[PDB]
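Q: Sequence plus experimental coordinates follow:
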Amino acid sequence: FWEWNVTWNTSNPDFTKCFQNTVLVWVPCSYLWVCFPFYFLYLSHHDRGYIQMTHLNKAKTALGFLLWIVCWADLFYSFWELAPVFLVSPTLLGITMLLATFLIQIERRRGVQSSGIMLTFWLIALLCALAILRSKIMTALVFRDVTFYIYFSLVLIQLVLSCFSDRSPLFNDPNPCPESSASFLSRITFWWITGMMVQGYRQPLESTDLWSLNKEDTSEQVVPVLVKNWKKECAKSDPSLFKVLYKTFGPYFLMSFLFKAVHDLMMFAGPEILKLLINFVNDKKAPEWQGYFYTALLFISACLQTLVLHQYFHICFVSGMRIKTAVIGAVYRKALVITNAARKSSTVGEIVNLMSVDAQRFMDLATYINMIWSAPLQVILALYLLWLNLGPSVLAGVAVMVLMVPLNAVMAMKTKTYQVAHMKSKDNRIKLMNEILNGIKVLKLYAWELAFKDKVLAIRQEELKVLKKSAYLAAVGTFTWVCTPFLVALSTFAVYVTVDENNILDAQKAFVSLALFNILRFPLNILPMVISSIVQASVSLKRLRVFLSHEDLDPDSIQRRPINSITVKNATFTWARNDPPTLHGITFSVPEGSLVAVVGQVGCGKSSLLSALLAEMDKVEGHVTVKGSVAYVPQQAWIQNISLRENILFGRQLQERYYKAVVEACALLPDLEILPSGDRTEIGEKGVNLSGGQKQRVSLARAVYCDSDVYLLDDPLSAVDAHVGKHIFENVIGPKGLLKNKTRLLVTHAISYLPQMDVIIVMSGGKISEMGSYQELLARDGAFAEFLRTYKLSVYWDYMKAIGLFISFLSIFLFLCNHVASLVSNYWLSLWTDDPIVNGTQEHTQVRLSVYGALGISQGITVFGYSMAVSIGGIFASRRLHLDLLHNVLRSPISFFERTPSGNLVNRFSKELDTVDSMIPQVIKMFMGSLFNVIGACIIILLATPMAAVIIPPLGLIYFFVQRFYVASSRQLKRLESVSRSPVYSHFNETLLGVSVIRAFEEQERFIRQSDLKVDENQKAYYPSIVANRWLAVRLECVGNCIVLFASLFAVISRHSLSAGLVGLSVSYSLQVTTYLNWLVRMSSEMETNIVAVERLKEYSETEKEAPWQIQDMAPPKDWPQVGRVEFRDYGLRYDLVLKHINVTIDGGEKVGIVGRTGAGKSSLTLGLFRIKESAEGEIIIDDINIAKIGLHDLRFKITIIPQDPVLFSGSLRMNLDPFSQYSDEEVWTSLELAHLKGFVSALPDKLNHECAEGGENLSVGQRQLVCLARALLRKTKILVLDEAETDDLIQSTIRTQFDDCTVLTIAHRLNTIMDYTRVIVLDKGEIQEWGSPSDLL
Ligand SMILES: Nc1ncnc2c1ncn2[C@@H]1O[C@@H]2CO[P@](=O)(S)O[C@@H]3[C@H](O)[C@@H](CO[P@](=O)(S)O[C@H]2[C@H]1O)O[C@H]3n1cnc2c(N)ncnc21
């Protein structure tokens, strides 16, 4: 059969009769025969119960019975009587049909709602039947034909039935995951998530809307299998973790291999069909059927490749997710089991980090593993195809691609070093900014704001130098990326043309190799990432192996007996296998309900005893028989971040009477009162911090509530005061407390409660010297006596304006020029490939190469240009935005700083500014590039085929809807996952810190179950994110495949009016457009969530600012305060009025103080002098000039203040005294000498340039106060204000020494100093209670 006359070269293409009856029937039957055996593996290993008896299942089974009969009815007619094929073809078909009906039967038995096999098999059978059908209907325009019609109709109905999903098996999961219930088609197309996609677009997702996890992804089903496998390997054996990993999750992972192979083959199938189409358009006088025949082949191959690839994505990521979950669980269990000796050597941060990155590396590696063979083979295969196409010249074409792999790497590593440089400078600035943010009070008072702004600008210049260098380096980074396509094309084509003149450049020889270069880009660029990830995963394997192999505790140490209470005979314990025994000879019997105080010389082994009783020490010998539950009060109190109530409860049923008897018996009532929410307050490191004594009380309260029979109290009363300790012992530990019948064993170094103890076990270097009772031990006069004797589109326009209109417009124009250069390069290639051959060589071949080179060189330069433009633009915008934000912040009044959430300014200056200067330019570059790559593909499709504008509207609508839904619903899922990630590591830190208490109470099961919930919660948000990426993927590749199909169809329909090169270029760009579309959506999502930073940086633009610092119309004279005559004329300060009815007059050079209680307007009065808060009603005038009219800086410079706590800023002492450096060195020296500081200031090796740290931590409080006094003295102003809280004698004498000439206001909380100052003003509630000298006061 297979004669090309009727199958290939004919107007009516009909498969031959033999071919119809043999191969078209062997294909489907054969598919089920090879899959059937393999399918039992899945059907057996994976079970979900059995589906009930439904009409659908039966309908399918009955049609399977009838179909088999019909096919065997053919054998009956063939038997009735010639051709051998008229017997076997139907018989085999009947047998495979009997396998099909048996398969739906067993699939019902094994719980299968929809079958992919029973769907692909029917699809293949349908296509084969369709081919025979068309042939049989063309043969007759009766005997065995009618049997085939019946067969085809039954097969079609069977295929339609196989699409519907059956009922769920009878054998809660509120809001579950539709993955386990969706039909084969929905799983293939990932439609089941579109629900959340639409819902997320309308109702912003929360933690409870997220679907539950399928049973296999729950940590409760993936940790026990890994634990069992690791136990089996450990018991069998240097145990290897990799063998465990690929034995536990490898079988599910191996299905990725098939998908990867099919995807590679289907990816390569594209260029071959492209070559066939280019041949077809060049081959005139050829049937249209061959051209349309292929346009279908391209479409089907592209769609199938898209579907298979994402299954692989899903499969790998599922395996990686499972890997992460199982590693997390095993690490948690190991950490709860391992020995203290093996645990101390490894750092706590080492272990939390082992779960923070090492565990996740493997989860990520899942997407860089298969490439280990996909990337080489692809490349190799591609190279071979390229070698088949052009020749050895293509080696030169790729010689530059392999040259870009190291170069690009060298680029990234360098900018990493700049990343290190920039970051460093940024740290310094934020540090400086932090000092301004917490010290804005002092700056405004001295008007030193501009001086600090200058230092901020200097640090910013330092940061922008590195930013400029990184900017220039980035420009070549994009240049090479965009130039690569042209570079490889020009290099290979110029070499091909120049090497030999007989080499003809045809459309197939130029565009097929051009597309092969595109499918070579990826496998050649991911290899370094794959290798780096594999090496990091290998070091993670080593780290996890050495951790999971750690030594462990053995329950044999203590023989706990369910409730002579504590029994130890000849027991020696160690803290390590090789270290000497901490306790050599331990032998004691503690009876039930007895109080035993282990007492001894610090460094004896008291805490070791309790640790041993808890099986924390390593028992080298002996016998310990602790009887009943043990409640441990550790020396170092472990506090859970949960509320104080749940700290005391410790996962136990709340009993109001017992809880309320425990809380005050520990004297926790005052602590409950001071704490904000009472016992519901969030204690711990993260929440409210607690004093050591409060932590010990909480630990003791938790132990007392747990109601154990044996208590091990390792110094519970170390941090509680003597009265609190005695009260606690009276109501808790004493014989008349809460634990009267409980076997208490306490470690103490305090004698006060010793006589009340039943037995006192004194030790010595880990050896009991005497074991008796207080009175008996005292009578014996031995070791115990010795012890006792011991003692929004507008934000984009705002960002463009920040860059500047000129730079943005120039960048857009140059980037359009790049676009046109690339397009005309492609058009020139198309025109070049169409030249005829005369005398065995192209008519023109040198001028075409020259124009190609010129076009490409123009492309490269403008790419390097516009990239540099946005780099300069980005840096310009960063400078302008920082300057504007700094001006707005510093110009704002204090009320803004007080009222704003203190902390949202810091991340604005650090995180959002970092977002602006670095991420925004890169994102705008790549988004703009992707957008115009898509537009170029569209225009080169529409230009080459004018009548293709009917497909743009629907596909654009599909793209717009998909992009809208994805961006909206994915930037929220990412936030949910990010939020959910942290609690796992926080809980691990808590467990690591409290493991001894966790094991002592034997509540490790509860905390194991808790770590289940948090990891499951994180997975519940991570899984929808990857499925969201898959949903994007399938929708966008469907759009791209439709583009390819329509481009090829509209090129084939107009073969006469088109040339080979034009069709080739159209198809190559249409093939490329899918990746550009995907990255365009991904980049648009990146830009939407990135540009908002500018919006939050444009804040405080209109925020009410202070009065102008310099008016310059009503500026005062140089000697503004000639005498300093202050007059508060009906002053009222809004804050309802803290200051009210203030009519006072302080004469020039008259000492005046302000006295008043808390809540008066004493301090607010100073804020009136410096205009910190605008006067609600008042006319303060100094001498003959109003303050409100004067600019702020002027008055703030002519009046000085010595505040409550002097703020010393980082830098030299001279910059502290004179930030402007306006005063000469002699003045600074004189002021420092007059401030009783000459002796100290001369002592520093740096002279005046002593580098004081943040807040002057190196300097003492007295020194900082004297430095502030030195600042005030150096100012030399007639009006000075003092704010009083050892060195008081010195500062008081100094303010009384030379400032007698100047007018001094004084607000002191101490009456002793104010008595010296005449004219005291007393403020009761803002009113002037008394106005006169202290002599008139008394
Ligand atoms: N199935 C597949 N087959 C072939 N290649 C595939 C592929 N899937 C993915 N890609 C990749 O998609 C990108 C296609 O490029 P674009 O679509 S033209 O744009 C990129 C992209 O937007 C993003 C990163 O994309 P990226 O992952 S780095 O890698 C390439 C390409 O390798 O940033 C842009 N971009 C990349 N490099 C630069 C640069 N130096 N300067 C500015 N913008 C850059």
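A: Nice, I can see it. Numbers count the residues shown, from 1 in each chain.

Q: And the spatially most central residue of the chain, how close does it get to the ligand?
A: The centroid of the chain falls nearest to residue 978 when counting by C-alpha atoms, centre = their mean (5.0 Å). Distance, residue 978 to the ligand, by C-beta to the nearest ligand atom, to the nearest Å: 22 Å. Where you see a C-beta, it was placed from the backbone N, CA and C, and this is true even at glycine.

Q: Now for residue 1203, how many residues are close by?
A: 17 (other C-beta atoms under 10 Å).

Q: Pretty sure it sits against residue 1268.
A: Yes. Contact status for residue 1203 versus residue 1268: in contact at 7.3 Å, counting by C-beta atoms under 8 Å.

Q: Overlap in contacts, the two.
A: Jointly contacting residue 1203 and residue 1268 under the rule C-beta atoms under 8 Å, 6 or more residues apart in numbering is no residue at all.

Q: now the residue nearest to the centre of the chain, what's its secondary structure?
A: When classified by DSSP: H, G, I helix; E, B strand; the rest coil, residue 978 comes out as helix.

Q: and it, what does it touch?
A: By C-beta under 8 Å, 6+ apart, residue 978 has no neighbours at all.

Q: mind giving me the domain split of the chain?
A: By the record's domain assignment, the chain is partitioned as 4-170+182-189, 583-765, 1126-1212+1274-1337 (automatic domain parsing).

Q: Turn these into JSON lines, including distance to the ligand.
A: Formatted as JSON lines, those follow (distance: least, C-beta to the nearest ligand atom, whole Å):
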{"stretch": "domain 4-170+182-189", "distance to the ligand": "19"}
{"stretch": "domain 583-765", "distance to the ligand": "38"}
{"stretch": "domain 1126-1212+1274-1337", "distance to the ligand": "39"}
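
Q: looking at those, which is buried most?
A: Comparing these by mean neighbour count (mean count of other C-beta atoms under 10 Å), domain 583-765 comes out on top with a mean of 19.

Q: Straight-line length of that domain, end to end?
A: 7 Å (C-alpha to C-alpha, to the nearest Å).

Q: how far does stretch 771-791 sit from the chain's center?
A: Computed by C-alpha atoms, centre = their mean, to the nearest Å, the chain-centroid distance of stretch 771-791 equals 61 Å.

Q: re earlier: relative to residue 391, which of the domains of the chain is closest?
A: domain 4-170+182-189 (29.3 Å; C-beta to C-beta).

Q: for residue 503, what are its contacts?
A: 391, 496, 497.

Q: Could you check which helix or strand contains it?
A: Under DSSP states H and E, no helix or strand contains residue 503.

Q: just residue 182 next, same as before
A: Using DSSP H and E, no helix or strand contains residue 182.

Q: ok, now which ones touch the residue of the stretch 1051-1200 of the chain found nearest the ligand?
A: Residue of the stretch 1051-1200 of the chain nearest the ligand, by C-beta to the nearest ligand atom: residue 1079 (3.6 Å). Taking C-beta under 8 Å, 6+ apart, we find residue 1079 in contact with 926, 930.

Q: Over to it: give its phi and psi.
A: phi -70, psi -30 (degrees, to the nearest 10).

Q: what about it, distance to residue 1032?
A: 11 Å (C-beta to C-beta, to the nearest Å).

Q: Okay, and the beta partners of the residue nearest to residue 1116 when sequence neighbours are not counted?
A: Ranked by C-beta to C-beta, 6 or more residues apart in numbering and with sequence neighbours excluded, the top spatial neighbour of residue 1116 is residue 1185, at 5.3 Å. Beta bridges link residue 1185 to residue 1182, judged by DSSP bridges.

Q: Residue 1185 and residue 1120 touch, don't they?
A: Yes. Residue 1185 lies in contact with residue 1120 (C-beta under 8 Å); the separation is 6.4 Å.

Q: okay, the domains of the chain in CSV with distance to residue 346 next?
A: Output for these, formatted as CSV (distance: least, C-beta to C-beta, whole Å):
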stretch, distance to residue 346
domain 4-170+182-189, 38
domain 583-765, 17
domain 1126-1212+1274-1337, 37
